[PDB]
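Participant: Hey, dropping protein_11.cif in here, mmCIF, C-alpha atoms:
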```cif
data_data
loop_
_atom_site.label_atom_id
_atom_site.label_comp_id
_atom_site.auth_asym_id
_atom_site.auth_seq_id
_atom_site.Cartn_x
_atom_site.Cartn_y
_atom_site.Cartn_z
CA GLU A 8 0.00 0.00 0.00
CA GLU A 9 2.90 2.32 0.81
CA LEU A 10 5.89 0.35 -0.48
CA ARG A 11 6.71 3.36 -2.67
CA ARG A 12 7.50 5.21 0.56
CA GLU A 13 10.07 2.57 1.56
CA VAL A 14 11.77 3.28 -1.77
CA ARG A 15 11.91 7.08 -1.81
CA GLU A 16 14.02 6.92 1.36
CA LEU A 17 16.71 4.80 -0.30
CA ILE A 18 16.76 7.23 -3.23
CA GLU A 19 17.43 10.23 -0.99
CA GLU A 20 20.13 8.11 0.66
CA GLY A 21 22.03 8.00 -2.65
CA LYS A 22 21.28 4.42 -3.70
CA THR A 23 20.29 3.42 -7.23
CA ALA A 24 17.30 1.38 -8.38
CA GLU A 25 19.70 -1.52 -8.91
CA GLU A 26 20.74 -1.33 -5.24
CA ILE A 27 17.16 -0.75 -4.06
CA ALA A 28 16.18 -4.09 -5.62
CA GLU A 29 18.98 -5.97 -3.84
CA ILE A 30 18.56 -4.31 -0.44
CA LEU A 31 14.80 -4.92 -0.49
CA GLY A 32 15.39 -8.36 -2.04
CA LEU A 33 13.08 -7.54 -4.96
CA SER A 34 13.70 -7.36 -8.72
CA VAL A 35 14.89 -4.39 -10.75
CA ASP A 36 11.77 -4.29 -12.93
CA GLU A 37 9.56 -4.07 -9.84
CA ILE A 38 11.57 -1.03 -8.70
CA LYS A 39 10.73 0.52 -12.08
CA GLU A 40 7.07 -0.24 -11.28
CA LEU A 41 7.25 1.78 -8.04
CA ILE A 42 8.97 4.87 -9.50
CA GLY A 43 6.35 7.61 -9.74
CA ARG A 44 6.21 11.36 -10.17
CA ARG A 45 7.06 12.04 -6.52
CA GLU A 46 10.25 9.94 -6.66
CA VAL A 47 11.58 12.08 -9.54
CA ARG A 48 11.14 15.57 -8.08
CA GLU A 49 13.48 14.75 -5.18
CA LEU A 50 16.18 13.96 -7.76
CA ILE A 51 15.57 17.28 -9.51
CA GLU A 52 16.21 18.92 -6.12
CA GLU A 53 19.85 17.77 -5.73
CA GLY A 54 20.73 19.42 -9.06
CA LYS A 55 20.89 16.04 -10.81
CA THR A 56 20.21 16.28 -14.53
CA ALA A 57 17.64 14.01 -16.16
CA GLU A 58 20.40 12.07 -17.92
CA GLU A 59 21.92 11.46 -14.49
CA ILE A 60 18.58 10.01 -13.39
CA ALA A 61 18.51 7.93 -16.57
CA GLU A 62 21.53 6.18 -15.03
CA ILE A 63 20.21 6.40 -11.45
CA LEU A 64 16.86 4.65 -11.92
CA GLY A 65 17.81 2.79 -15.11
CA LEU A 66 14.81 4.19 -16.98
CA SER A 67 15.02 5.43 -20.55
CA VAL A 68 15.22 9.11 -21.37
CA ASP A 69 11.94 8.47 -23.20
CA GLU A 70 10.49 7.13 -19.94
CA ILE A 71 11.64 9.98 -17.68
CA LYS A 72 10.21 12.63 -20.00
CA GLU A 73 6.90 10.86 -19.33
CA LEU A 74 7.05 11.80 -15.64
CA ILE A 75 8.46 15.34 -15.63
CA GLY A 76 5.64 17.86 -16.00
CA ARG A 77 4.92 21.54 -15.43
CA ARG A 78 5.52 21.13 -11.68
CA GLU A 79 9.30 20.85 -11.98
CA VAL A 80 9.24 23.72 -14.48
CA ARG A 81 8.01 26.03 -11.71
CA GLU A 82 10.56 24.68 -9.22
CA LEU A 83 13.56 25.13 -11.53
CA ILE A 84 12.34 28.54 -12.72
CA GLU A 85 12.12 29.47 -9.03
CA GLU A 86 15.68 28.51 -8.02
CA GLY A 87 17.80 30.36 -10.57
CA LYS A 88 17.43 28.39 -13.77
CA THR A 89 16.51 30.18 -16.99
CA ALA A 90 15.56 29.39 -20.60
CA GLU A 91 18.20 27.06 -22.06
CA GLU A 92 19.33 26.23 -18.51
CA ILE A 93 16.26 24.10 -17.80
CA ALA A 94 16.15 22.57 -21.29
CA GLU A 95 19.61 21.03 -20.80
CA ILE A 96 18.76 19.62 -17.36
CA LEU A 97 15.78 17.72 -18.78
CA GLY A 98 17.02 16.92 -22.30
CA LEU A 99 14.01 18.79 -23.64
CA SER A 100 14.11 21.58 -26.17
CA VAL A 101 13.51 25.14 -25.03
CA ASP A 102 10.24 25.01 -26.98
CA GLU A 103 9.07 22.10 -24.84
CA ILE A 104 9.62 24.41 -21.87
CA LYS A 105 7.67 27.08 -23.75
CA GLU A 106 4.93 24.47 -24.20
CA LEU A 107 5.01 23.98 -20.40
CA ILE A 108 4.62 27.66 -19.53
CA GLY A 109 1.67 29.57 -18.09
CA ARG A 110 0.54 32.52 -16.02
CA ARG A 111 1.38 30.69 -12.79
CA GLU A 112 4.99 30.37 -13.97
CA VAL A 113 5.01 34.18 -14.35
CA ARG A 114 3.44 35.15 -11.02
CA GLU A 115 6.34 33.75 -8.97
CA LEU A 116 8.72 36.10 -10.80
CA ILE A 117 6.46 39.08 -10.10
CA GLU A 118 6.53 37.71 -6.53
CA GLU A 119 10.34 38.07 -6.52
CA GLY A 120 10.58 41.65 -7.82
CA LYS A 121 11.44 40.95 -11.45
CA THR A 122 10.23 43.13 -14.32
CA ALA A 123 8.48 42.28 -17.58
CA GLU A 124 11.70 42.77 -19.54
CA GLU A 125 13.60 40.98 -16.77
CA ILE A 126 11.52 37.81 -17.02
CA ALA A 127 11.17 38.10 -20.81
CA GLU A 128 14.91 37.40 -21.05
CA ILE A 129 14.96 34.93 -18.14
CA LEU A 130 12.46 32.42 -19.56
CA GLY A 131 13.51 33.21 -23.14
CA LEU A 132 11.30 33.92 -26.17
CA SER A 133 9.11 36.57 -24.56
CA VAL A 134 8.39 40.25 -25.17
CA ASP A 135 4.77 41.34 -25.62
CA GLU A 136 3.71 37.78 -24.81
CA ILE A 137 4.46 38.62 -21.18
CA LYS A 138 2.48 41.85 -21.53
CA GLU A 139 -0.22 39.82 -23.28
CA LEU A 140 -0.42 37.48 -20.28
CA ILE A 141 -0.10 39.83 -17.30
CA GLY A 142 -3.23 39.35 -15.24
CA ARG A 143 -5.42 41.86 -13.44
CA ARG A 144 -4.48 40.23 -10.13
CA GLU A 145 -0.83 41.21 -10.60
CA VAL A 146 -1.84 44.86 -10.93
CA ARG A 147 -4.38 44.28 -8.15
CA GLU A 148 -1.66 42.60 -6.06
CA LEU A 149 -0.03 46.04 -5.87
CA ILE A 150 -3.17 47.93 -4.82
CA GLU A 151 -1.65 48.15 -1.33
CA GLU A 152 1.47 49.72 -2.95
CA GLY A 153 0.32 51.76 -5.95
CA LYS A 154 2.79 54.50 -6.60
CA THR A 155 4.13 55.27 -10.08
CA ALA A 156 3.49 56.79 -13.49
CA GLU A 157 4.69 53.75 -15.41
CA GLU A 158 7.05 51.70 -13.17
CA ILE A 159 4.19 49.92 -11.41
CA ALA A 160 3.59 49.39 -15.12
CA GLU A 161 7.23 48.89 -16.17
CA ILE A 162 7.45 45.93 -13.79
CA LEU A 163 4.26 44.84 -15.60
CA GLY A 164 4.99 46.00 -19.14
CA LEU A 165 4.59 49.68 -19.97
CA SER A 166 2.49 52.64 -18.79
CA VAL A 167 -0.95 53.57 -17.45
CA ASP A 168 -2.35 52.12 -20.68
CA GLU A 169 -1.87 48.72 -19.03
CA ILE A 170 -3.00 50.03 -15.62
CA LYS A 171 -6.24 51.17 -17.27
CA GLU A 172 -7.32 47.95 -18.98
CA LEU A 173 -6.50 45.87 -15.88
CA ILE A 174 -8.03 48.22 -13.28
CA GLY A 175 -10.40 51.18 -13.03
CA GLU A 176 -9.61 54.86 -12.68
CA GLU A 177 -10.75 55.21 -9.07
CA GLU A 178 -8.01 52.67 -8.32
CA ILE A 179 -5.47 54.33 -10.60
CA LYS A 180 -4.86 56.63 -7.61
CA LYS A 181 -5.46 54.24 -4.70
#
```
Translate the structure described by the file into structure tokens.

Facilitator:
Amino acid sequence: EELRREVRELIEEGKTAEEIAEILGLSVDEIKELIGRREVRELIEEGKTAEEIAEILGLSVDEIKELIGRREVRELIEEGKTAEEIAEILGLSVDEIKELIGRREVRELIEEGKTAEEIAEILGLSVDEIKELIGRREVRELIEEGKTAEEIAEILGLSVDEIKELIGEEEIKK
């Protein structure tokens, strides 16, 4: 019922799926049958590349790309990784990381003080697409600290033109 828990502790110990089969007396294929999504994130938290995990758990690079989803994209974008930086860790193309992007991946960077042009070059291939996908909540997130001509709009793109389509005029000066 929870045998997958008695396997994620040997992974964080440094052992490999080959050694997890011997220590637990089981077979190597059965260890591959207990490797889930949760057992992969912990190995993208020690900096290990996906190709390293291809030789840690013995799974194919085709079979590790099955498990890695948008969740690790947020985690790596959070740390300090960028555009091509993430793509090399996971063997994916940068476009595959573009196909795993969203507004939630952008909020965390507004929640670390970055600007539109700052994140446009961090995640790569972004310019007005960031401005296209800056939500009202991000401008509403700063309603407690509204205080510029266009820098509460430069962090979020441009000028009051943006802070007029994403909020009213009574809250332009609020």

Participant: Please report the interatomic distance between atom CA of residue 91 of chain A and atom CA of residue 139 of chain A in Å with one decimal.

Facilitator: 22.4 Å

Participant: Please expand the PyMOL selection byres ((chain A and resi 124) around 9) into the concrete residues it hits in this file, giving the result as a PDB file with C-alpha atoms, in the coordinates of the input.

Facilitator:
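As a result, expr-v4.pdb now contains:
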```pdb
ATOM      1  CA  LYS A 121      11.440  40.950 -11.450  1.00  0.00           C
ATOM      2  CA  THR A 122      10.230  43.130 -14.320  1.00  0.00           C
ATOM      3  CA  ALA A 123       8.480  42.280 -17.580  1.00  0.00           C
ATOM      4  CA  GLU A 125      13.600  40.980 -16.770  1.00  0.00           C
ATOM      5  CA  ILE A 126      11.520  37.810 -17.020  1.00  0.00           C
ATOM      6  CA  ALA A 127      11.170  38.100 -20.810  1.00  0.00           C
ATOM      7  CA  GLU A 128      14.910  37.400 -21.050  1.00  0.00           C
ATOM      8  CA  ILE A 129      14.960  34.930 -18.140  1.00  0.00           C
ATOM      9  CA  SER A 133       9.110  36.570 -24.560  1.00  0.00           C
ATOM     10  CA  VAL A 134       8.390  40.250 -25.170  1.00  0.00           C
ATOM     11  CA  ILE A 137       4.460  38.620 -21.180  1.00  0.00           C
ATOM     12  CA  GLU A 161       7.230  48.890 -16.170  1.00  0.00           C
ATOM     13  CA  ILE A 162       7.450  45.930 -13.790  1.00  0.00           C
ATOM     14  CA  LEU A 163       4.260  44.840 -15.600  1.00  0.00           C
ATOM     15  CA  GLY A 164       4.990  46.000 -19.140  1.00  0.00           C
TER      16      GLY A 164
END
```

Participant: When you count all atoms listed in the file, which of these residues is closest to residue 48 of chain A: A:13, A:82, A:158, A:106?

Facilitator: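 For residue 48 of chain A, the nearest of the given residues is A:82.
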
Participant: Quick check on the file I pasted: which residues fall under the PyMOL selection byres ((chain A and resi 28) around 12)? Write them as a PyMOL selection string.

Facilitator: chain A and resi 13-14+17-18+22-27+29-41+64-65

Participant: Can you pull out the residues contacting residue 154 of chain A? Cut-off 9 Å, using all atoms listed in the file, and skip same-chain residues under 3 positions away; I want them as a PyMOL selection string.

Facilitator: chain A and resi 149+158-159+180-181

Participant: Rounded to one decimal in Å, what is the spacing between atom CA of residue 57 of chain A and atom CA of residue 100 of chain A?

Facilitator: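 Between atom CA of residue 57 of chain A and atom CA of residue 100 of chain A the gap works out to 13.0 Å.
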
Participant: Report as JSON lines the residues of segment 29-55 of chain A within 8 Å of segment 70-79 of chain A, each with its shortest atom pair and distance in Å (one decimal), using all atoms listed in the file, ordered by chain and increasing residue number.

Facilitator:
```
{"residue": "A:43", "atom": "CA", "partner": "A:74", "partner_atom": "CA", "distance": 7.3}
{"residue": "A:44", "atom": "CA", "partner": "A:74", "partner_atom": "CA", "distance": 5.6}
{"residue": "A:47", "atom": "CA", "partner": "A:75", "partner_atom": "CA", "distance": 7.6}
{"residue": "A:48", "atom": "CA", "partner": "A:79", "partner_atom": "CA", "distance": 6.8}
{"residue": "A:51", "atom": "CA", "partner": "A:79", "partner_atom": "CA", "distance": 7.6}
```

Participant: Please measure the separation of atom CA of residue 156 of chain A and atom CA of residue 118 of chain A, giving the value in Å to one decimal.

Facilitator: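 If I compute the distance from atom CA of residue 156 of chain A to atom CA of residue 118 of chain A, I get 20.5 Å.
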
Participant: Nearest residue to residue 165 of chain A out of A:60, A:111, A:90, A:138, using all atoms listed in the file?

Facilitator: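 Counting all atoms listed in the file, the residue closest to residue 165 of chain A is A:138.
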
Participant: Hey, could you patch up segment 40-63 of chain A with N, CA, C and O atoms and hand it over as a CSV table (one decimal), in the frame of the given file?

Facilitator:
```
chain,number,residue,atom,x,y,z
A,40,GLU,N,8.5,-0.3,-11.4
A,40,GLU,CA,7.1,-0.2,-11.3
A,40,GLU,C,6.6,0.5,-10.0
A,40,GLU,O,5.4,0.7,-9.9
A,41,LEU,N,7.6,1.0,-9.2
A,41,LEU,CA,7.2,1.8,-8.0
A,41,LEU,C,7.8,3.2,-8.2
A,41,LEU,O,7.7,4.0,-7.2
A,42,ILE,N,8.4,3.5,-9.3
A,42,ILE,CA,9.0,4.9,-9.5
A,42,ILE,C,7.9,5.7,-10.1
A,42,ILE,O,7.4,5.5,-11.2
A,43,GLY,N,7.4,6.7,-9.3
A,43,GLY,CA,6.4,7.6,-9.7
A,43,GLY,C,6.8,9.0,-10.0
A,43,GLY,O,8.0,9.3,-10.1
A,44,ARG,N,5.9,10.0,-10.0
A,44,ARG,CA,6.2,11.4,-10.2
A,44,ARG,C,7.0,11.9,-8.9
A,44,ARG,O,8.0,12.6,-9.1
A,45,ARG,N,6.5,11.5,-7.7
A,45,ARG,CA,7.1,12.0,-6.5
A,45,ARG,C,8.5,11.6,-6.3
A,45,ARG,O,9.3,12.3,-5.7
A,46,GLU,N,8.9,10.4,-6.8
A,46,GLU,CA,10.2,9.9,-6.7
A,46,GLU,C,11.2,10.6,-7.6
A,46,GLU,O,12.4,10.4,-7.5
A,47,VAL,N,10.7,11.4,-8.6
A,47,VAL,CA,11.6,12.1,-9.5
A,47,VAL,C,11.9,13.5,-9.1
A,47,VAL,O,13.0,14.0,-9.3
A,48,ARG,N,10.9,14.2,-8.5
A,48,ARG,CA,11.1,15.6,-8.1
A,48,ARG,C,12.3,15.7,-7.1
A,48,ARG,O,13.1,16.6,-7.2
A,49,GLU,N,12.4,14.7,-6.2
A,49,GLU,CA,13.5,14.8,-5.2
A,49,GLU,C,14.8,14.6,-5.8
A,49,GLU,O,15.8,15.0,-5.2
A,50,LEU,N,14.9,14.0,-7.0
A,50,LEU,CA,16.2,14.0,-7.8
A,50,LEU,C,16.4,15.1,-8.7
A,50,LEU,O,17.4,15.2,-9.4
A,51,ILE,N,15.4,16.0,-8.9
A,51,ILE,CA,15.6,17.3,-9.5
A,51,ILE,C,15.7,18.4,-8.5
A,51,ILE,O,15.6,19.6,-8.8
A,52,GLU,N,15.9,18.0,-7.2
A,52,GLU,CA,16.2,18.9,-6.1
A,52,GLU,C,17.7,18.9,-5.6
A,52,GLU,O,18.1,19.8,-4.9
A,53,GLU,N,18.4,17.8,-6.0
A,53,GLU,CA,19.8,17.8,-5.7
A,53,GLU,C,20.7,18.2,-6.9
A,53,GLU,O,21.8,17.8,-7.1
A,54,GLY,N,20.1,19.0,-7.9
A,54,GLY,CA,20.7,19.4,-9.1
A,54,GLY,C,20.9,18.4,-10.1
A,54,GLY,O,21.4,18.7,-11.2
A,55,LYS,N,20.6,17.1,-9.9
A,55,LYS,CA,20.9,16.0,-10.8
A,55,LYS,C,20.1,16.2,-12.1
A,55,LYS,O,18.9,16.5,-12.1
A,56,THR,N,20.8,16.2,-13.2
A,56,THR,CA,20.2,16.3,-14.5
A,56,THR,C,19.4,15.0,-14.8
A,56,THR,O,19.5,14.0,-14.1
A,57,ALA,N,18.5,15.1,-15.8
A,57,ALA,CA,17.6,14.0,-16.2
A,57,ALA,C,18.5,12.8,-16.7
A,57,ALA,O,18.1,11.7,-16.4
A,58,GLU,N,19.5,13.1,-17.4
A,58,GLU,CA,20.4,12.1,-17.9
A,58,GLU,C,21.1,11.4,-16.8
A,58,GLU,O,21.4,10.2,-16.9
A,59,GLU,N,21.4,12.1,-15.7
A,59,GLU,CA,21.9,11.5,-14.5
A,59,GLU,C,20.9,10.5,-13.9
A,59,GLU,O,21.3,9.4,-13.5
A,60,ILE,N,19.6,10.9,-13.9
A,60,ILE,CA,18.6,10.0,-13.4
A,60,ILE,C,18.3,8.9,-14.3
A,60,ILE,O,17.8,7.8,-13.9
A,61,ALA,N,18.6,9.0,-15.6
A,61,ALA,CA,18.5,7.9,-16.6
A,61,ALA,C,19.5,6.8,-16.2
A,61,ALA,O,19.2,5.6,-16.4
A,62,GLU,N,20.6,7.1,-15.5
A,62,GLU,CA,21.5,6.2,-15.0
A,62,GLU,C,21.4,6.0,-13.5
A,62,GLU,O,22.2,5.2,-13.0
A,63,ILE,N,20.5,6.6,-12.9
A,63,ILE,CA,20.2,6.4,-11.4
A,63,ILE,C,19.1,5.4,-11.3
A,63,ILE,O,19.2,4.4,-10.5
```
